[PDB]
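Colleague: sequence first, structure after, both from an experimental entry:
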Amino acid sequence: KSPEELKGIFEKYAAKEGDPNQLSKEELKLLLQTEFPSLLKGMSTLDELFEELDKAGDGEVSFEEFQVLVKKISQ
């Protein structure tokens, strides 16, 4: 369930940036705020989090990179 749900979520957020398969920092943030209010801890952390998370993509988090985030969320 969770993988599919999170893929759906991910895709729906991504689509807002036109690119149906990728989350820019703001999209990643926005999604994390809405879906996971506390995971971000404090806004600034997005820098570190995104830097770590988006290892390959750098600019935009693909579902590949996002699954690294999922491995943290655990659900």
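Modeller: Now that the structure is in, tell me what you want to look at. Residues are numbered from 1 along each chain as shown.
Colleague: the residue nearest to residue 56 when sequence neighbours are not counted in helix, strand or coil?
Modeller: Distance criterion Cβ to Cβ, 6 or more residues apart in numbering; nearest residue to residue 56, sequence neighbours excluded, is residue 65 at 6.1 Å. (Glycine included, C-beta is placed from N, CA and C.) Here residue 65 takes the helix state, with states given by DSSP: H, G, I helix; E, B strand; the rest coil.
Colleague: which residues touch residue 65?
Modeller: By Cβ atoms under 8 Å, 6 or more residues apart in numbering, the residues touching residue 65 are 53, 54, 55, 56, 57.
Colleague: and those residues, which two are furthest apart?
Modeller: By the measure Cβ to Cβ, 53 and 56 form the most distant pair in the contacts of residue 65, at 10.0 Å.
Colleague: which one's more surrounded, those two?
Modeller: Set residue 53 next to residue 56 and count neighbours by other Cβ atoms under 10 Å: residue 53 wins out with 19 against 10.
Colleague: quick one: contacts for that one?
Modeller: 28, 61, 65, 66, 68, 69.
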